[PDB]
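Dropping start14.tsv in here (TSV, N, CA and C atoms):
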chain	number	residue	atom	x	y	z
A	207	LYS	N	-3.94	-4.89	20.01
A	207	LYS	CA	-3.06	-3.80	19.59
A	207	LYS	C	-2.19	-4.23	18.41
A	208	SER	N	-1.97	-3.31	17.48
A	208	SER	CA	-1.15	-3.59	16.31
A	208	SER	C	-1.00	-2.35	15.44
A	209	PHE	N	0.20	-2.15	14.91
A	209	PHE	CA	0.48	-0.99	14.07
A	209	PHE	C	-0.51	-0.91	12.91
A	210	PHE	N	-0.82	-2.07	12.33
A	210	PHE	CA	-1.76	-2.13	11.21
A	210	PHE	C	-3.16	-1.71	11.65
A	211	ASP	N	-3.45	-1.89	12.93
A	211	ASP	CA	-4.75	-1.53	13.47
A	211	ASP	C	-4.87	-0.02	13.64
A	212	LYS	N	-3.84	0.59	14.21
A	212	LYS	CA	-3.83	2.04	14.43
A	212	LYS	C	-3.65	2.78	13.11
A	213	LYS	N	-3.04	2.11	12.14
A	213	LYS	CA	-2.81	2.71	10.83
A	213	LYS	C	-4.04	2.59	9.95
A	214	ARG	N	-4.65	1.41	9.94
A	214	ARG	CA	-5.85	1.17	9.14
A	214	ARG	C	-7.01	2.03	9.63
A	215	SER	N	-7.04	2.28	10.94
A	215	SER	CA	-8.10	3.08	11.54
A	215	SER	C	-7.88	4.56	11.27
A	216	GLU	N	-6.62	4.94	11.06
A	216	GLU	CA	-6.28	6.33	10.80
A	216	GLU	C	-6.89	6.80	9.48
A	217	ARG	N	-6.78	5.97	8.45
A	217	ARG	CA	-7.32	6.30	7.14
A	217	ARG	C	-8.84	6.23	7.15
A	218	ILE	N	-9.38	5.24	7.84
A	218	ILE	CA	-10.83	5.06	7.93
A	218	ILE	C	-11.47	6.18	8.75
A	219	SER	N	-10.77	6.63	9.78
A	219	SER	CA	-11.27	7.69	10.64
A	219	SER	C	-11.04	9.06	10.00
A	220	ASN	N	-11.77	10.06	10.49
A	220	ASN	CA	-11.65	11.42	9.97
A	220	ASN	C	-12.17	12.44	10.97
B	23	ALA	N	-14.05	-8.85	2.38
B	23	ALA	CA	-13.49	-10.18	2.17
B	23	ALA	C	-12.48	-10.17	1.02
B	24	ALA	N	-11.69	-9.10	0.94
B	24	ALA	CA	-10.69	-8.97	-0.10
B	24	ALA	C	-9.29	-8.84	0.49
B	25	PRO	N	-8.27	-9.13	-0.33
B	25	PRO	CA	-6.87	-9.06	0.10
B	25	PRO	C	-6.40	-7.62	0.33
B	26	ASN	N	-6.64	-7.11	1.53
B	26	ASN	CA	-6.25	-5.75	1.87
B	26	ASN	C	-5.36	-5.74	3.11
B	27	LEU	N	-4.35	-4.87	3.10
B	27	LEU	CA	-3.43	-4.76	4.23
B	27	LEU	C	-3.63	-3.44	4.96
B	28	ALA	N	-4.10	-3.52	6.20
B	28	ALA	CA	-4.34	-2.33	7.01
B	28	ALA	C	-5.22	-1.33	6.28
B	29	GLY	N	-6.08	-1.84	5.41
B	29	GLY	CA	-6.98	-0.98	4.65
B	29	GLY	C	-6.42	-0.62	3.29
B	30	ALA	N	-5.38	-1.33	2.87
B	30	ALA	CA	-4.75	-1.07	1.58
B	30	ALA	C	-5.02	-2.22	0.61
B	31	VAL	N	-5.78	-1.94	-0.44
B	31	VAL	CA	-6.10	-2.95	-1.44
B	31	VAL	C	-5.08	-2.95	-2.58
B	32	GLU	N	-4.62	-1.76	-2.95
B	32	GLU	CA	-3.65	-1.62	-4.03
B	32	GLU	C	-2.28	-2.12	-3.58
B	33	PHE	N	-1.56	-2.75	-4.51
B	33	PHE	CA	-0.23	-3.28	-4.22
B	33	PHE	C	0.71	-2.18	-3.74
B	34	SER	N	0.79	-1.11	-4.53
B	34	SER	CA	1.66	0.02	-4.19
B	34	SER	C	1.40	0.49	-2.76
B	35	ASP	N	0.14	0.45	-2.35
B	35	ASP	CA	-0.24	0.88	-1.01
B	35	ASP	C	0.16	-0.17	0.03
B	36	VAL	N	0.14	-1.43	-0.38
B	36	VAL	CA	0.50	-2.53	0.51
B	36	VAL	C	1.99	-2.52	0.82
B	37	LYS	N	2.81	-2.58	-0.22
B	37	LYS	CA	4.26	-2.58	-0.06
B	37	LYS	C	4.71	-1.36	0.74
B	38	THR	N	3.97	-0.26	0.61
B	38	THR	CA	4.30	0.97	1.32
B	38	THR	C	4.09	0.81	2.82
B	39	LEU	N	3.03	0.10	3.19
B	39	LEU	CA	2.72	-0.13	4.60
B	39	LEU	C	3.73	-1.07	5.23
B	40	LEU	N	4.20	-2.04	4.46
B	40	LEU	CA	5.18	-3.00	4.95
B	40	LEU	C	6.55	-2.35	5.12
B	41	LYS	N	6.98	-1.61	4.10
B	41	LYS	CA	8.27	-0.93	4.14
B	41	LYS	C	8.40	-0.08	5.40
B	42	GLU	N	7.34	0.65	5.73
B	42	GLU	CA	7.33	1.50	6.91
B	42	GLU	C	7.17	0.67	8.18
B	43	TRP	N	6.27	-0.31	8.13
B	43	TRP	CA	6.02	-1.17	9.27
B	43	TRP	C	7.26	-1.98	9.63
B	44	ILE	N	8.23	-2.01	8.72
B	44	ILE	CA	9.47	-2.74	8.95
B	44	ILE	C	10.60	-1.80	9.32
B	45	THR	N	10.40	-0.51	9.07
B	45	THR	CA	11.41	0.50	9.38
B	45	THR	C	11.08	1.22	10.68
B	46	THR	N	9.88	1.80	10.74
B	46	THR	CA	9.44	2.52	11.93
B	46	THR	C	9.27	1.58	13.11
B	47	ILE	N	9.20	0.29	12.83
B	47	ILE	CA	9.04	-0.71	13.87
B	47	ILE	C	10.08	-1.82	13.74
B	48	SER	N	10.79	-2.10	14.84
B	48	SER	CA	11.81	-3.13	14.84
B	48	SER	C	11.34	-4.36	15.61
B	49	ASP	N	10.40	-4.16	16.52
B	49	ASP	CA	9.86	-5.25	17.32
B	49	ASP	C	8.39	-5.49	16.99
B	50	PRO	N	8.15	-6.19	15.87
B	50	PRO	CA	6.79	-6.51	15.42
B	50	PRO	C	6.10	-7.52	16.32
B	51	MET	N	4.77	-7.45	16.38
B	51	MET	CA	3.99	-8.37	17.20
B	51	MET	C	3.37	-9.47	16.35
B	52	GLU	N	2.92	-10.54	17.01
B	52	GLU	CA	2.31	-11.66	16.31
B	52	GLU	C	1.04	-11.22	15.59
B	53	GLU	N	0.31	-10.29	16.19
B	53	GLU	CA	-0.92	-9.78	15.60
B	53	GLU	C	-0.64	-9.01	14.31
B	54	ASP	N	0.33	-8.11	14.37
B	54	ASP	CA	0.70	-7.31	13.21
B	54	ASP	C	1.19	-8.20	12.07
B	55	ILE	N	2.08	-9.13	12.39
B	55	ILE	CA	2.63	-10.05	11.40
B	55	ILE	C	1.54	-10.95	10.82
B	56	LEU	N	0.53	-11.25	11.64
B	56	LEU	CA	-0.57	-12.10	11.22
B	56	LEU	C	-1.37	-11.44	10.10
B	57	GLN	N	-1.54	-10.13	10.20
B	57	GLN	CA	-2.29	-9.37	9.20
B	57	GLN	C	-1.73	-9.62	7.80
B	58	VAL	N	-0.42	-9.88	7.73
B	58	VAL	CA	0.24	-10.14	6.46
B	58	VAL	C	-0.16	-11.50	5.90
B	59	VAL	N	-0.36	-12.46	6.79
B	59	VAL	CA	-0.75	-13.81	6.39
B	59	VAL	C	-2.12	-13.81	5.73
B	60	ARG	N	-3.09	-13.19	6.39
B	60	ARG	CA	-4.45	-13.13	5.86
B	60	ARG	C	-4.48	-12.43	4.51
B	61	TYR	N	-3.50	-11.55	4.28
B	61	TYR	CA	-3.42	-10.81	3.03
B	61	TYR	C	-2.90	-11.71	1.90
B	62	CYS	N	-1.75	-12.34	2.14
B	62	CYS	CA	-1.15	-13.22	1.15
B	62	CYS	C	-2.03	-14.44	0.90
B	63	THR	N	-2.56	-15.01	1.98
B	63	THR	CA	-3.41	-16.19	1.88
B	63	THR	C	-4.63	-15.91	1.00
B	64	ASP	N	-5.04	-14.65	0.96
B	64	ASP	CA	-6.19	-14.25	0.15
B	64	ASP	C	-5.84	-14.23	-1.33
B	65	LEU	N	-4.61	-13.81	-1.64
B	65	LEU	CA	-4.15	-13.75	-3.02
B	65	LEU	C	-4.33	-15.09	-3.72
B	66	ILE	N	-4.20	-16.17	-2.95
B	66	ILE	CA	-4.35	-17.52	-3.50
B	66	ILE	C	-5.77	-17.76	-3.99
B	67	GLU	N	-6.75	-17.40	-3.15
B	67	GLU	CA	-8.15	-17.58	-3.50
B	67	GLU	C	-8.59	-16.54	-4.53
B	68	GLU	N	-8.02	-15.35	-4.44
B	68	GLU	CA	-8.36	-14.27	-5.36
B	68	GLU	C	-7.58	-14.41	-6.67
B	69	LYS	N	-6.62	-15.33	-6.68
B	69	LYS	CA	-5.80	-15.57	-7.86
B	69	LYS	C	-4.97	-14.33	-8.21
B	70	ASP	N	-4.45	-13.67	-7.18
B	70	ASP	CA	-3.63	-12.48	-7.38
B	70	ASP	C	-2.17	-12.75	-7.03
B	71	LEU	N	-1.72	-13.96	-7.32
B	71	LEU	CA	-0.34	-14.35	-7.04
B	71	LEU	C	0.64	-13.36	-7.64
B	72	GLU	N	0.21	-12.67	-8.70
B	72	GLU	CA	1.05	-11.68	-9.36
B	72	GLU	C	1.65	-10.70	-8.36
B	73	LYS	N	0.81	-10.20	-7.46
B	73	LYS	CA	1.25	-9.26	-6.44
B	73	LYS	C	1.96	-9.98	-5.30
B	74	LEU	N	1.66	-11.27	-5.14
B	74	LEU	CA	2.26	-12.07	-4.09
B	74	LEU	C	3.78	-12.07	-4.20
B	75	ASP	N	4.29	-12.59	-5.32
B	75	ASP	CA	5.73	-12.64	-5.55
B	75	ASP	C	6.35	-11.25	-5.41
B	76	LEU	N	5.55	-10.22	-5.66
B	76	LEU	CA	6.02	-8.85	-5.56
B	76	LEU	C	6.13	-8.41	-4.10
B	77	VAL	N	5.11	-8.74	-3.32
B	77	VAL	CA	5.08	-8.38	-1.90
B	77	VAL	C	6.09	-9.21	-1.11
B	78	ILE	N	6.17	-10.50	-1.42
B	78	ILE	CA	7.09	-11.39	-0.74
B	78	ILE	C	8.53	-10.93	-0.91
B	79	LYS	N	8.96	-10.80	-2.16
B	79	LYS	CA	10.32	-10.36	-2.46
B	79	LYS	C	10.57	-8.95	-1.93
B	80	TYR	N	9.53	-8.12	-1.96
B	80	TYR	CA	9.63	-6.75	-1.49
B	80	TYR	C	9.88	-6.71	0.02
B	81	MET	N	9.02	-7.39	0.77
B	81	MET	CA	9.14	-7.43	2.22
B	81	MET	C	10.41	-8.17	2.64
B	82	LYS	N	10.86	-9.08	1.79
B	82	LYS	CA	12.06	-9.86	2.06
B	82	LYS	C	13.28	-8.95	2.17
B	83	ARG	N	13.55	-8.19	1.11
B	83	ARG	CA	14.68	-7.28	1.09
B	83	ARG	C	14.66	-6.35	2.30
B	84	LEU	N	13.46	-6.10	2.82
B	84	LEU	CA	13.30	-5.22	3.98
B	84	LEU	C	13.59	-5.98	5.27
B	85	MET	N	12.91	-7.10	5.47
B	85	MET	CA	13.10	-7.91	6.66
B	85	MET	C	14.54	-8.41	6.76
B	86	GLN	N	15.18	-8.56	5.61
B	86	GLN	CA	16.56	-9.03	5.57
B	86	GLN	C	17.53	-7.90	5.88
B	87	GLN	N	17.36	-6.77	5.19
B	87	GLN	CA	18.22	-5.61	5.40
B	87	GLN	C	17.98	-4.99	6.77
B	88	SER	N	16.83	-5.29	7.36
B	88	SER	CA	16.48	-4.76	8.67
B	88	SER	C	17.59	-5.01	9.67
B	89	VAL	N	17.73	-4.10	10.64
B	89	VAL	CA	18.76	-4.22	11.66
B	89	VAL	C	18.44	-5.35	12.63
B	90	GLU	N	17.15	-5.58	12.86
B	90	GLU	CA	16.71	-6.64	13.76
B	90	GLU	C	16.63	-7.98	13.04
B	91	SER	N	17.31	-8.98	13.59
B	91	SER	CA	17.32	-10.31	12.99
B	91	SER	C	15.98	-11.00	13.17
B	92	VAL	N	15.23	-10.57	14.18
B	92	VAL	CA	13.92	-11.14	14.46
B	92	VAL	C	13.00	-11.05	13.25
B	93	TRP	N	13.29	-10.09	12.37
B	93	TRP	CA	12.49	-9.90	11.16
B	93	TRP	C	12.62	-11.10	10.23
B	94	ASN	N	13.81	-11.69	10.19
B	94	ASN	CA	14.06	-12.84	9.33
B	94	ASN	C	13.08	-13.97	9.64
B	95	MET	N	12.79	-14.16	10.92
B	95	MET	CA	11.87	-15.21	11.34
B	95	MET	C	10.44	-14.85	10.96
B	96	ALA	N	10.08	-13.58	11.11
B	96	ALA	CA	8.75	-13.11	10.78
B	96	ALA	C	8.36	-13.50	9.36
B	97	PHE	N	9.32	-13.38	8.44
B	97	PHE	CA	9.08	-13.73	7.04
B	97	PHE	C	8.66	-15.19	6.90
B	98	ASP	N	9.40	-16.07	7.56
B	98	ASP	CA	9.10	-17.50	7.51
B	98	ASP	C	7.75	-17.80	8.15
B	99	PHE	N	7.43	-17.06	9.21
B	99	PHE	CA	6.17	-17.24	9.92
B	99	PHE	C	4.98	-17.03	8.99
B	100	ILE	N	5.06	-15.99	8.17
B	100	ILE	CA	3.99	-15.68	7.23
B	100	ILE	C	3.92	-16.72	6.12
B	101	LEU	N	5.08	-17.16	5.65
B	101	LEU	CA	5.16	-18.15	4.59
B	101	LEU	C	4.66	-19.51	5.08
B	102	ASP	N	4.92	-19.81	6.35
B	102	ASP	CA	4.49	-21.07	6.94
B	102	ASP	C	2.97	-21.22	6.87
B	103	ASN	N	2.28	-20.08	6.85
B	103	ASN	CA	0.82	-20.08	6.79
B	103	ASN	C	0.33	-19.88	5.36
B	104	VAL	N	1.00	-18.99	4.63
B	104	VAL	CA	0.64	-18.71	3.25
B	104	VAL	C	1.01	-19.87	2.33
B	105	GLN	N	2.30	-20.21	2.31
B	105	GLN	CA	2.78	-21.30	1.47
B	105	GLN	C	1.92	-22.55	1.66
B	106	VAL	N	1.35	-22.70	2.86
B	106	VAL	CA	0.51	-23.85	3.17
B	106	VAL	C	-0.82	-23.77	2.43
B	107	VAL	N	-1.54	-22.67	2.63
B	107	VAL	CA	-2.83	-22.47	1.99
B	107	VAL	C	-2.68	-22.36	0.47
B	108	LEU	N	-1.50	-21.92	0.04
B	108	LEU	CA	-1.22	-21.77	-1.39
B	108	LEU	C	-1.02	-23.13	-2.05
B	109	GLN	N	-0.35	-24.03	-1.34
B	109	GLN	CA	-0.09	-25.37	-1.86
B	109	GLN	C	-1.38	-26.16	-2.00
B	110	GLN	N	-2.26	-26.04	-1.01
B	110	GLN	CA	-3.54	-26.74	-1.03
B	110	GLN	C	-4.40	-26.27	-2.19
B	111	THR	N	-4.03	-25.15	-2.79
B	111	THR	CA	-4.77	-24.59	-3.91
B	111	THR	C	-4.15	-25.02	-5.24
B	112	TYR	N	-2.89	-24.64	-5.45
B	112	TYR	CA	-2.19	-24.98	-6.68
B	112	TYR	C	-1.22	-26.13	-6.45
B	113	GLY	N	-0.50	-26.08	-5.33
B	113	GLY	CA	0.45	-27.13	-5.01
B	113	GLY	C	1.88	-26.64	-5.07
B	114	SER	N	2.09	-25.48	-5.67
B	114	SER	CA	3.43	-24.90	-5.80
B	114	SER	C	3.72	-23.95	-4.65
B	115	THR	N	4.88	-23.30	-4.70
B	115	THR	CA	5.28	-22.37	-3.66
B	115	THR	C	6.22	-21.30	-4.22
B	116	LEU	N	6.69	-20.42	-3.34
B	116	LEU	CA	7.60	-19.35	-3.74
B	116	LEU	C	9.05	-19.76	-3.53
B	117	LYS	N	9.93	-19.28	-4.39
B	117	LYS	CA	11.35	-19.59	-4.29
B	117	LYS	C	12.10	-18.49	-3.55
B	118	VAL	N	12.42	-18.75	-2.28
B	118	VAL	CA	13.14	-17.79	-1.46
B	118	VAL	C	14.49	-18.34	-1.02
B	119	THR	N	15.57	-17.77	-1.55
B	119	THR	CA	16.91	-18.20	-1.21
B	119	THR	C	17.15	-18.15	0.30
What does the file become when written as structure tokens?
Amino acid sequence: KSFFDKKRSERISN
Amino acid sequence: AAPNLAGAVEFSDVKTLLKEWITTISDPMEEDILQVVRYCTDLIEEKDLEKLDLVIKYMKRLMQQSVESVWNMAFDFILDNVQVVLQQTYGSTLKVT
């Protein structure tokens, strides 16, 4: 778990 | 295999992620803080120190102005790993008062 993980995945995901 | 932060390759995008990651979050984790190390450590091999001094000083004013003192330590934690890999490359380091 990590903010950078949930954030980096947000942009990558759609 | 490039110096990217949370999917951010551009400097402007990097500093933006840190500024928020330091504001919206007061209790950072070792994993999150680690992501910063792999980013800075890459600048050494990629020869992008230009953005390094920019990100370091940028995150500094944030971790310092931050309400949580724990942030002050986080900065040193990243430097302890970056400054190390950076020295083995050039031998120099960053000047942080």
(request) Using only N, CA and C atoms, find which residues of chain A lie within 6.5 Å of chain B and jot them down as a VMD selection string. (result) chain A and resid 207 to 211 213 to 215
(request) Take CA of residue 68 (chain B) and CA of residue 111 (chain B) and report the distance between them in Å, one decimal. (result)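 CA of residue 111 (chain B) lies at a distance of 11.0 Å from CA of residue 68 (chain B).
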Mind giving me the axis-aligned box for region 208-217 of chain A with 6 Å on every side, centre plus edges in Å to one decimal, as JSON?
{"center_x": -4.2, "center_y": 1.6, "center_z": 12.3, "size_x": 21.3, "size_y": 22.4, "size_z": 22.3}
(message) With distances taken over only C-alpha atoms, which residue among B:114, B:105, B:38, B:48 lies nearest residue 91 (chain B)?
(response)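 Once distances to residue 91 (chain B) are computed over only C-alpha atoms, the minimum belongs to B:48.
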(request) Would you work out the distance separating atom C of residue 66 (chain B) from atom N of residue 107 (chain B), expressed in Å to one decimal? (result)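 Straight-line distance from atom C of residue 66 (chain B) to atom N of residue 107 (chain B) works out to 9.3 Å.
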(request) Go ahead and compute the interatomic distance for atom N of residue 94 (chain B) and atom N of residue 35 (chain B), in Å to one decimal. (result)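 Interatomic distance, atom N of residue 94 (chain B) to atom N of residue 35 (chain B): 22.2 Å.
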Reconstructed region 35-46 of chain B, atom set N, CA, C and O atoms, as a PDB file, in the coordinates of the input:
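Result saved to rebuild-v5.pdb:
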ATOM      1  N   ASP B  35       0.140   0.450  -2.350  1.00  0.00           N
ATOM      2  CA  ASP B  35      -0.240   0.880  -1.010  1.00  0.00           C
ATOM      3  C   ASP B  35       0.160  -0.170   0.030  1.00  0.00           C
ATOM      4  O   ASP B  35       0.478   0.161   1.168  1.00  0.00           O
ATOM      5  N   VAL B  36       0.140  -1.430  -0.380  1.00  0.00           N
ATOM      6  CA  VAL B  36       0.500  -2.530   0.510  1.00  0.00           C
ATOM      7  C   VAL B  36       1.990  -2.520   0.820  1.00  0.00           C
ATOM      8  O   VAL B  36       2.391  -2.454   1.984  1.00  0.00           O
ATOM      9  N   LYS B  37       2.810  -2.580  -0.220  1.00  0.00           N
ATOM     10  CA  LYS B  37       4.260  -2.580  -0.060  1.00  0.00           C
ATOM     11  C   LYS B  37       4.710  -1.360   0.740  1.00  0.00           C
ATOM     12  O   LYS B  37       5.709  -1.413   1.461  1.00  0.00           O
ATOM     13  N   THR B  38       3.970  -0.260   0.610  1.00  0.00           N
ATOM     14  CA  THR B  38       4.300   0.970   1.320  1.00  0.00           C
ATOM     15  C   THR B  38       4.090   0.810   2.820  1.00  0.00           C
ATOM     16  O   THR B  38       4.871   1.319   3.622  1.00  0.00           O
ATOM     17  N   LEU B  39       3.030   0.100   3.190  1.00  0.00           N
ATOM     18  CA  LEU B  39       2.720  -0.130   4.600  1.00  0.00           C
ATOM     19  C   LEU B  39       3.730  -1.070   5.230  1.00  0.00           C
ATOM     20  O   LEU B  39       4.082  -0.918   6.406  1.00  0.00           O
ATOM     21  N   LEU B  40       4.200  -2.040   4.460  1.00  0.00           N
ATOM     22  CA  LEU B  40       5.180  -3.000   4.950  1.00  0.00           C
ATOM     23  C   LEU B  40       6.550  -2.350   5.120  1.00  0.00           C
ATOM     24  O   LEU B  40       7.202  -2.518   6.149  1.00  0.00           O
ATOM     25  N   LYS B  41       6.980  -1.610   4.100  1.00  0.00           N
ATOM     26  CA  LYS B  41       8.270  -0.930   4.140  1.00  0.00           C
ATOM     27  C   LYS B  41       8.400  -0.080   5.400  1.00  0.00           C
ATOM     28  O   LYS B  41       9.433  -0.093   6.065  1.00  0.00           O
ATOM     29  N   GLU B  42       7.340   0.650   5.730  1.00  0.00           N
ATOM     30  CA  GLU B  42       7.330   1.500   6.910  1.00  0.00           C
ATOM     31  C   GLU B  42       7.170   0.670   8.180  1.00  0.00           C
ATOM     32  O   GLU B  42       7.829   0.921   9.190  1.00  0.00           O
ATOM     33  N   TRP B  43       6.270  -0.310   8.130  1.00  0.00           N
ATOM     34  CA  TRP B  43       6.020  -1.170   9.270  1.00  0.00           C
ATOM     35  C   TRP B  43       7.260  -1.980   9.630  1.00  0.00           C
ATOM     36  O   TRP B  43       7.343  -2.555  10.719  1.00  0.00           O
ATOM     37  N   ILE B  44       8.230  -2.010   8.720  1.00  0.00           N
ATOM     38  CA  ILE B  44       9.470  -2.740   8.950  1.00  0.00           C
ATOM     39  C   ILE B  44      10.600  -1.800   9.320  1.00  0.00           C
ATOM     40  O   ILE B  44      11.638  -2.226   9.837  1.00  0.00           O
ATOM     41  N   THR B  45      10.400  -0.510   9.070  1.00  0.00           N
ATOM     42  CA  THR B  45      11.410   0.500   9.380  1.00  0.00           C
ATOM     43  C   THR B  45      11.080   1.220  10.680  1.00  0.00           C
ATOM     44  O   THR B  45      11.890   1.261  11.602  1.00  0.00           O
ATOM     45  N   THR B  46       9.880   1.800  10.740  1.00  0.00           N
ATOM     46  CA  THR B  46       9.440   2.520  11.930  1.00  0.00           C
ATOM     47  C   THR B  46       9.270   1.580  13.110  1.00  0.00           C
ATOM     48  O   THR B  46       9.209   2.024  14.261  1.00  0.00           O
TER      49      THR B  46
END
